[PDB]
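Here our numbering is used: the first residue of the sequence shown is 325, the next is one more, and so on.
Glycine included, each C-beta is placed from N, C-alpha and C at the ideal position.
What follows is a single structure, written as structure tokens, with notes after it.
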Amino acid sequence: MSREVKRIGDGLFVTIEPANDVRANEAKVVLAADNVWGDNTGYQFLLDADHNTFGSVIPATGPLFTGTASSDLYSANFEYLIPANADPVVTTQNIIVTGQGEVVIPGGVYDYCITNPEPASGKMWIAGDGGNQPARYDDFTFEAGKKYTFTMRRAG
């Protein structure tokens, strides 16, 4: 259900700071990664402002999809994305491999998941839950005036 090597997968480590560079009704989300799996595989952050995708478009367990996806899997369901041109393709380069990408979003309620495309296995995996925050989430509140940094690392 999760990508793992030697029973060691990956995970999400969240940091929140005051955001002082956005509007009063805005939050900032950052996705940071540093070649976590050593193979130039990366990550995408998917945000649904309608928070109605958990359990249907975002599966409660297992990868987001395998193999081929409908070309509108993101454009129909997720309003905000990191990177901004993130697309539902396992082979895409529209991923955060090293460094970070960001998105400024309304304060509000969201469903989200973080993906880790792996061409070698044909899976658009959702990242593991071995960090301090689940990598998929139903009705998370991103509060205005705050900056959420989601840092990806290897985890149990």
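For residue i, the nearest candidate out of the options (CA to CA)
i, options, result
"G391", "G446, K471 and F466", "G446"
"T377", "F389, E328 and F402", "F402"
"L336", "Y367, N344, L371 and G362", "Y367"
"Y436", "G423, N364, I419 and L371", "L371"
"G425", "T416, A410, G432 and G431", "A410"
"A343", "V428, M476, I438 and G379", "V428"
"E350", "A459, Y404 and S326", "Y404"
7 Å Cβ cutoff met for residue i and residue j
i, j, result
"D453", "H375", "no"
"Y434", "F474", "no"
"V360", "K352", "no"
"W449", "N456", "no"
"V414", "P443", "yes"
"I332", "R477", "no"
"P430", "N418", "no"
"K471", "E328", "no"
"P387", "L397", "no"
Where residue i sits in the DSSP three-state scheme
i, result
"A444", "helix"
"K330", "coil"
"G362", "coil"
"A356", "strand"
"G452", "coil"
"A373", "coil"
"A351", "strand"
"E341", "strand"
"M325", "coil"
"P430", "strand"
Cβ-based burial, residue i [other Cβ within 10 Å; buried from 16]
i, result
"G480", "exposed"
"residue 492", "The first residue shown for the chain is 325 and the last is 480, placing residue 492 beyond what the model contains."
"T385", "exposed"
"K330", "exposed"
"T365", "buried"
### Task
Run through the stretch 376-427 for me and flag every whole beta strand (DSSP E) of 3 or more residues, listed as ranges in chain order.
404-406
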